[PDB]
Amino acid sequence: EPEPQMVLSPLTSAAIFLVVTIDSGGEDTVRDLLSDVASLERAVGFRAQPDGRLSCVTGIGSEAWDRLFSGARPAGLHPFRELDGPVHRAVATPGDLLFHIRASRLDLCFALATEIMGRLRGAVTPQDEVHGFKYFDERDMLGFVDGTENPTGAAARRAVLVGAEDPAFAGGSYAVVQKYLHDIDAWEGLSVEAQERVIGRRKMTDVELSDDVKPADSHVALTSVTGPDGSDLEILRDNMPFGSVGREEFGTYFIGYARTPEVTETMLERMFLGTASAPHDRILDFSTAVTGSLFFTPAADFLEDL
(Lines of atoms letter the chains of each structure in order from A and count residues from 1; the text may use other names and numbers.)
(Lines give C-alpha, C1' and ligand atoms only; values in the text may rest on other atoms or scores of the structure.)
Protein backbone atom coordinates (compact mmCIF):
# COMPACT_ATOMS: atom_id res chain seq x y z
CA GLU A 1 0.00 0.00 0.00
CA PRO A 2 1.51 3.42 -0.97
CA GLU A 3 1.74 5.89 1.90
CA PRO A 4 0.56 9.41 0.83
CA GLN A 5 2.29 12.57 1.89
CA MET A 6 0.35 14.69 4.38
CA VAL A 7 -2.15 16.01 1.77
CA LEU A 8 -5.17 15.07 3.92
CA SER A 9 -4.03 16.91 7.04
CA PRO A 10 -5.88 19.92 8.48
CA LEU A 11 -5.30 23.65 8.25
CA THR A 12 -2.76 24.99 10.74
CA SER A 13 -2.12 28.46 12.12
CA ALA A 14 1.14 28.98 10.22
CA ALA A 15 2.41 27.98 6.81
CA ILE A 16 5.24 28.62 4.42
CA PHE A 17 4.75 28.16 0.67
CA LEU A 18 7.95 27.99 -1.29
CA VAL A 19 8.07 27.63 -5.08
CA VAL A 20 11.40 27.29 -6.86
CA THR A 21 12.74 26.55 -10.33
CA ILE A 22 15.54 24.06 -10.90
CA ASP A 23 18.60 25.64 -12.50
CA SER A 24 20.35 23.95 -15.36
CA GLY A 25 22.61 21.26 -13.86
CA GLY A 26 20.78 21.20 -10.49
CA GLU A 27 18.89 17.92 -11.06
CA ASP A 28 21.16 15.61 -9.03
CA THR A 29 21.17 17.97 -6.03
CA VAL A 30 17.35 18.13 -6.22
CA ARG A 31 16.95 14.35 -6.40
CA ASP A 32 19.22 13.87 -3.33
CA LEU A 33 17.15 16.42 -1.38
CA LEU A 34 13.87 14.78 -2.42
CA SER A 35 15.14 11.50 -0.97
CA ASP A 36 15.87 13.21 2.36
CA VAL A 37 12.88 15.57 2.76
CA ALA A 38 10.98 13.19 5.11
CA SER A 39 14.11 12.80 7.28
CA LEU A 40 14.46 16.57 7.48
CA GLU A 41 10.83 16.96 8.46
CA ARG A 42 11.27 14.48 11.31
CA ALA A 43 14.53 16.04 12.44
CA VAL A 44 12.91 19.43 13.00
CA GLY A 45 9.41 18.25 13.86
CA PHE A 46 10.26 15.81 16.65
CA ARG A 47 11.62 18.74 18.70
CA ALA A 48 8.08 20.12 19.07
CA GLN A 49 6.13 16.98 19.99
CA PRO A 50 3.27 16.79 20.72
CA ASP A 51 1.76 20.07 19.48
CA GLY A 52 4.07 21.29 16.69
CA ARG A 53 2.06 19.57 13.90
CA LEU A 54 4.89 20.15 11.40
CA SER A 55 4.40 18.72 7.92
CA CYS A 56 5.87 19.25 4.49
CA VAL A 57 4.23 18.31 1.20
CA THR A 58 6.55 18.30 -1.81
CA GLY A 59 5.24 18.75 -5.32
CA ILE A 60 6.93 18.49 -8.72
CA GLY A 61 5.82 20.26 -11.88
CA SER A 62 5.40 18.74 -15.34
CA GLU A 63 8.53 20.21 -16.95
CA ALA A 64 10.57 19.32 -13.90
CA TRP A 65 9.26 15.75 -13.75
CA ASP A 66 10.66 15.10 -17.21
CA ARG A 67 14.05 16.53 -16.24
CA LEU A 68 14.29 14.50 -13.02
CA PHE A 69 12.77 11.14 -13.85
CA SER A 70 12.53 8.59 -16.62
CA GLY A 71 9.71 6.21 -17.46
CA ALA A 72 6.00 6.58 -16.90
CA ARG A 73 4.54 9.91 -15.73
CA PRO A 74 1.32 10.66 -13.82
CA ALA A 75 -1.62 10.66 -16.21
CA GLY A 76 -2.77 14.25 -15.60
CA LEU A 77 0.54 16.03 -15.08
CA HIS A 78 0.81 19.04 -17.38
CA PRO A 79 1.82 22.70 -16.97
CA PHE A 80 -0.80 25.00 -15.47
CA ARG A 81 -3.24 26.00 -18.20
CA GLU A 82 -3.59 29.75 -18.59
CA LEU A 83 -7.22 30.84 -18.73
CA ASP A 84 -7.82 33.95 -20.75
CA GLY A 85 -11.26 35.20 -19.91
CA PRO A 86 -12.92 38.30 -21.45
CA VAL A 87 -12.36 40.23 -18.20
CA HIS A 88 -10.24 38.10 -15.87
CA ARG A 89 -7.18 35.97 -16.58
CA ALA A 90 -5.56 33.15 -14.68
CA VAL A 91 -1.85 33.42 -15.42
CA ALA A 92 0.68 30.60 -15.60
CA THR A 93 3.93 31.34 -13.79
CA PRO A 94 7.13 29.28 -13.47
CA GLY A 95 7.53 26.67 -10.77
CA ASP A 96 9.28 23.34 -10.68
CA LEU A 97 9.12 22.38 -7.01
CA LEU A 98 6.56 23.26 -4.34
CA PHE A 99 7.14 22.90 -0.63
CA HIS A 100 3.91 23.35 1.33
CA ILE A 101 5.08 23.59 4.94
CA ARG A 102 2.61 23.76 7.81
CA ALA A 103 2.85 23.86 11.61
CA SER A 104 1.21 25.38 14.63
CA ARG A 105 4.10 27.84 14.89
CA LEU A 106 6.02 29.74 12.25
CA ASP A 107 9.44 28.95 13.74
CA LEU A 108 9.08 25.25 12.90
CA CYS A 109 8.09 26.07 9.29
CA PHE A 110 11.02 28.50 9.01
CA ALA A 111 13.51 26.03 10.43
CA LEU A 112 12.49 23.31 8.00
CA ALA A 113 12.44 25.71 5.02
CA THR A 114 15.96 26.84 6.07
CA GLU A 115 17.19 23.21 6.02
CA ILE A 116 15.58 22.50 2.65
CA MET A 117 16.89 25.64 0.98
CA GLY A 118 20.34 25.05 2.54
CA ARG A 119 20.51 21.74 0.66
CA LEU A 120 19.28 23.36 -2.61
CA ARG A 121 21.42 26.52 -2.68
CA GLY A 122 23.14 26.88 -6.02
CA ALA A 123 20.73 24.37 -7.66
CA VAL A 124 17.42 26.31 -7.62
CA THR A 125 16.15 29.84 -8.03
CA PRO A 126 13.33 30.96 -5.71
CA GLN A 127 10.21 32.12 -7.48
CA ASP A 128 7.73 32.72 -4.64
CA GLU A 129 7.75 32.60 -0.85
CA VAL A 130 4.67 33.30 1.23
CA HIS A 131 4.38 33.18 5.01
CA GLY A 132 0.74 32.50 5.80
CA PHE A 133 -1.02 33.18 9.08
CA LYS A 134 -4.39 32.35 10.56
CA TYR A 135 -6.70 35.36 10.67
CA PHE A 136 -9.21 35.32 13.51
CA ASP A 137 -11.74 32.44 13.28
CA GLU A 138 -10.37 30.89 10.07
CA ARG A 139 -11.14 34.01 8.04
CA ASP A 140 -9.59 35.22 4.82
CA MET A 141 -8.69 38.79 3.98
CA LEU A 142 -12.18 39.34 2.58
CA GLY A 143 -13.47 38.75 6.11
CA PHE A 144 -15.23 35.39 5.40
CA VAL A 145 -14.60 32.04 6.97
CA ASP A 146 -12.65 30.06 4.41
CA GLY A 147 -12.46 26.23 4.22
CA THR A 148 -15.88 25.31 5.61
CA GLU A 149 -16.97 22.87 2.92
CA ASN A 150 -13.69 20.98 2.60
CA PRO A 151 -14.37 17.23 2.51
CA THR A 152 -13.41 15.15 5.56
CA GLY A 153 -12.86 11.50 6.33
CA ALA A 154 -13.41 9.00 3.53
CA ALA A 155 -14.84 11.65 1.22
CA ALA A 156 -11.53 13.55 1.47
CA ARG A 157 -9.55 10.41 0.65
CA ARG A 158 -11.75 9.74 -2.37
CA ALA A 159 -11.51 13.33 -3.64
CA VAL A 160 -7.78 13.85 -3.13
CA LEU A 161 -5.73 10.62 -3.60
CA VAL A 162 -4.88 9.00 -6.92
CA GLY A 163 -6.24 5.46 -7.02
CA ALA A 164 -6.86 2.67 -9.52
CA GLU A 165 -7.31 5.13 -12.44
CA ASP A 166 -3.53 5.60 -12.43
CA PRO A 167 -2.21 2.69 -10.40
CA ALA A 168 1.52 3.35 -10.76
CA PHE A 169 1.01 6.70 -9.01
CA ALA A 170 -1.61 5.68 -6.45
CA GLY A 171 -1.28 7.62 -3.23
CA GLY A 172 -0.29 10.84 -5.03
CA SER A 173 -2.30 14.01 -5.55
CA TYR A 174 -2.36 17.12 -7.73
CA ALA A 175 -1.89 20.58 -6.24
CA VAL A 176 -2.79 23.83 -7.91
CA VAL A 177 -1.47 27.04 -6.40
CA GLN A 178 -2.43 30.60 -7.15
CA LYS A 179 -1.42 33.68 -5.20
CA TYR A 180 -4.28 36.12 -5.09
CA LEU A 181 -4.15 39.76 -4.10
CA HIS A 182 -7.33 41.54 -3.13
CA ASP A 183 -8.61 45.01 -3.92
CA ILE A 184 -9.64 45.79 -0.38
CA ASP A 185 -10.66 49.37 -1.21
CA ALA A 186 -13.21 48.17 -3.76
CA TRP A 187 -14.40 45.35 -1.49
CA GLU A 188 -14.99 47.67 1.46
CA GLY A 189 -17.13 49.81 -0.86
CA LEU A 190 -19.72 47.01 -0.76
CA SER A 191 -22.25 46.61 2.01
CA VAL A 192 -22.06 43.37 4.00
CA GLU A 193 -25.23 42.15 2.22
CA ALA A 194 -23.62 42.78 -1.17
CA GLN A 195 -20.45 40.95 -0.11
CA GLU A 196 -22.60 38.01 1.01
CA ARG A 197 -24.11 37.89 -2.47
CA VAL A 198 -20.58 37.75 -3.97
CA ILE A 199 -19.53 34.81 -1.79
CA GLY A 200 -22.82 32.99 -1.23
CA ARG A 201 -22.61 32.64 2.58
CA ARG A 202 -23.46 34.89 5.50
CA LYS A 203 -20.44 36.85 6.62
CA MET A 204 -20.44 36.64 10.45
CA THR A 205 -22.12 33.27 10.95
CA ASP A 206 -20.76 31.44 7.86
CA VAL A 207 -24.20 29.89 7.08
CA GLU A 208 -24.85 29.22 3.42
CA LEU A 209 -27.42 31.35 1.62
CA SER A 210 -30.65 29.60 0.65
CA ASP A 211 -30.89 28.37 -2.93
CA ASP A 212 -33.55 31.02 -3.66
CA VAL A 213 -31.33 34.00 -2.80
CA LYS A 214 -27.92 32.56 -3.76
CA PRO A 215 -26.80 34.34 -6.99
CA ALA A 216 -25.71 32.22 -9.93
CA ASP A 217 -22.49 34.24 -10.14
CA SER A 218 -21.71 33.80 -6.45
CA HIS A 219 -18.45 32.06 -5.65
CA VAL A 220 -20.19 29.13 -3.94
CA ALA A 221 -22.54 28.65 -6.90
CA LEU A 222 -19.76 28.53 -9.47
CA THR A 223 -17.45 26.26 -7.50
CA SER A 224 -20.23 23.73 -6.78
CA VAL A 225 -19.77 21.18 -9.56
CA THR A 226 -21.45 17.83 -10.11
CA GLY A 227 -20.07 15.13 -12.40
CA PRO A 228 -21.95 13.35 -15.27
CA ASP A 229 -22.91 10.57 -12.87
CA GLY A 230 -24.40 13.09 -10.37
CA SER A 231 -21.48 12.97 -7.88
CA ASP A 232 -20.18 16.23 -6.33
CA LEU A 233 -16.66 17.03 -7.47
CA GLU A 234 -14.67 18.13 -4.45
CA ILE A 235 -11.24 19.52 -3.74
CA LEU A 236 -9.34 20.07 -0.49
CA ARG A 237 -8.25 23.69 0.05
CA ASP A 238 -5.54 24.81 2.49
CA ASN A 239 -5.80 28.54 1.74
CA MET A 240 -3.92 30.95 4.00
CA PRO A 241 -3.96 34.74 4.35
CA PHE A 242 -0.85 36.80 3.92
CA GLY A 243 0.05 40.42 3.47
CA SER A 244 2.10 43.54 3.97
CA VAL A 245 0.39 46.60 5.38
CA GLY A 246 2.78 49.25 4.10
CA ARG A 247 2.58 47.98 0.52
CA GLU A 248 -1.23 47.63 0.85
CA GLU A 249 -0.94 43.95 -0.08
CA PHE A 250 -3.72 41.76 1.30
CA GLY A 251 -3.76 38.29 -0.16
CA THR A 252 -5.13 34.80 -0.15
CA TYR A 253 -2.68 32.05 -1.02
CA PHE A 254 -4.87 29.41 -2.76
CA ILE A 255 -3.76 25.79 -2.70
CA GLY A 256 -6.12 23.05 -3.75
CA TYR A 257 -5.54 19.33 -3.76
CA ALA A 258 -7.42 16.86 -5.94
CA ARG A 259 -7.00 13.39 -7.36
CA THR A 260 -7.09 14.75 -10.94
CA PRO A 261 -6.38 18.32 -12.20
CA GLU A 262 -9.57 18.02 -14.22
CA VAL A 263 -11.69 18.77 -11.13
CA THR A 264 -9.79 21.88 -10.12
CA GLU A 265 -9.50 23.06 -13.71
CA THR A 266 -13.27 22.72 -14.20
CA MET A 267 -13.78 24.98 -11.20
CA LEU A 268 -11.27 27.50 -12.54
CA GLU A 269 -12.91 27.47 -15.98
CA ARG A 270 -16.29 28.19 -14.44
CA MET A 271 -14.80 31.04 -12.37
CA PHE A 272 -12.75 32.71 -15.12
CA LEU A 273 -14.74 31.92 -18.30
CA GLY A 274 -18.22 31.71 -16.73
CA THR A 275 -21.26 29.58 -17.56
CA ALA A 276 -24.41 30.17 -19.61
CA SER A 277 -25.84 31.77 -16.40
CA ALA A 278 -22.83 33.73 -15.10
CA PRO A 279 -20.18 35.81 -16.99
CA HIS A 280 -17.57 35.00 -14.33
CA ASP A 281 -17.13 34.55 -10.58
CA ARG A 282 -17.83 37.85 -8.78
CA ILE A 283 -14.99 37.13 -6.32
CA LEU A 284 -12.60 37.89 -9.23
CA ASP A 285 -13.87 41.44 -9.41
CA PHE A 286 -11.94 41.90 -6.11
CA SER A 287 -9.19 39.35 -6.44
CA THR A 288 -6.32 39.16 -8.94
CA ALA A 289 -4.29 35.98 -9.45
CA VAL A 290 -0.57 36.82 -9.77
CA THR A 291 0.83 33.27 -9.86
CA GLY A 292 -0.44 29.96 -11.20
CA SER A 293 1.31 26.56 -11.00
CA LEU A 294 0.37 22.88 -10.99
CA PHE A 295 2.29 20.15 -9.21
CA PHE A 296 2.13 16.45 -8.65
CA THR A 297 2.67 15.46 -5.01
CA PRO A 298 3.80 11.84 -5.15
CA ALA A 299 3.26 9.16 -2.55
CA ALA A 300 5.86 9.43 0.21
CA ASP A 301 7.44 6.11 -0.63
CA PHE A 302 8.17 7.32 -4.21
CA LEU A 303 10.36 10.07 -2.81
CA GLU A 304 12.05 7.79 -0.31
CA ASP A 305 12.98 5.24 -2.98
CA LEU A 306 15.12 7.81 -4.85
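Heads up: residue numbers just count along the shown sequence, starting at 1.
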Quick note on 224 to 232 and 139 to 147: per-entry mean CA temperature factor is higher in 224 to 232
With B-factors read from the PDB entry, the higher C-alpha mean of 274 to 282 and 242 to 250 is in 274 to 282
Quick one: which of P79, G189, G172, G132 has the biggest Cα B-factor according to the entry?
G189
Among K179, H182, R89, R201, where is the Cα temperature factor highest, going by the PDB entry?
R89
Using the temperature factors of the C-alpha atoms in this entry, rank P50 within its chain: lowest, middle or highest third.
highest
Could you look up the Cα B-factor of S210 in the entry and say which third of the chain it sits in: lowest, middle or highest?
highest
Considering every modelled residue of the chain and its Cα B-factor in the PDB entry, is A194 in the lowest, middle or highest third?
middle
By the entry's values, the third containing the CA B factor of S39 is the middle
Chain-wide C-alpha B factor ranking for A111, given as lowest, middle or highest third:
lowest
